[PDB]
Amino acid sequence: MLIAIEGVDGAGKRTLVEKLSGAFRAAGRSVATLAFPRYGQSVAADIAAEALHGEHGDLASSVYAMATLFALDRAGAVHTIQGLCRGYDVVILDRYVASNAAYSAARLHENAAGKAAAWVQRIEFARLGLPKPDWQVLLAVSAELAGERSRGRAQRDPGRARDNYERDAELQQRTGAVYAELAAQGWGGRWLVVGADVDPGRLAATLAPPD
């Protein structure tokens, strides 16, 4: 079973990955986890990170160029995703294809029914052959909490160096709304929308009901 955890930066995605991992293992299921982008393991992801911190000229301002880099990074991980799914009962991804649909649409002021989200689905699922997740779990938290926890688009920089607090906060709002539309329409498969305090045992039971 392949599960993707989705949401805006600062939602607490990794915390959920860990507690869900613990709940599955308590129920006798083996679990492996993987986070995107895969820094150090593709040129594409490293260039994207550098672009977010101001390198590479006008690269980051092209929404489709950044999205292409994140897709190429995932394409490089297909054998890992498939190998983990062979060796483990449950594979949990921190961010996956829907991240690309949500942020790209939001950067372009589009909704989930728009061109960017359709382009993401075509290029990643159809053209590059990424496996579809069995579940996509949207971790939806308050805009305020996400704003305080997010490190912004330049996540290497110390907090004292953030100066785009407004652009990033507006983008996160739009991205949250696209995510919600993605979940409502079953984009790429089944979705569940959960909060920060979701019980891990009961969440694991819902995602993989016992036989």
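Between two forms, the rigid core is defined as the largest C-alpha subset superposing within 1.5 Å. When you see a residue number, it is the position in the sequence shown, counting from 1.
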**Request:** Could you tell me which of the two stretches, 10 to 18 or 188 to 196, has its Cα atoms lying farther from the shown structure in 4 other deposited structures of this protein after fitting on the rigid core?
**Result:** 10 to 18
**Message:** Is it the case that, in at least a third of the other entries compared (those modelling both flanking residues), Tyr165 has no coordinates?
**Reply:** yes
**Coordinates absent for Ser30 in a third or more of other entries** = no
**Item:** Of 101 to 109 and 137 to 145, the stretch whose C-alpha atoms average the higher B-factor in the entry
**Value:** 137 to 145
**Prompt:** Which is higher in the entry, the mean Cα B factor of 56 to 64 or that of 155 to 163?
**Reply:** 155 to 163
**Asked** Relative to the other modelled residues in the chain, which third contains the C-alpha temperature factor of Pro131: lowest, middle or highest?
**Response** middle
**Ranked against its chain, the third holding the CA B-factor of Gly83** = middle
**Message:** Please say which third, lowest, middle or highest, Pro200 falls into when its CA temperature factor is compared across its chain.
**Reply:** highest
**Item:** Third of the chain, ranked by Cα B-factor, where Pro37 sits
**Value:** lowest
**Message:** Where does the C-alpha B-factor of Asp168 rank in its chain, lowest, middle or highest third?
**Reply:** highest
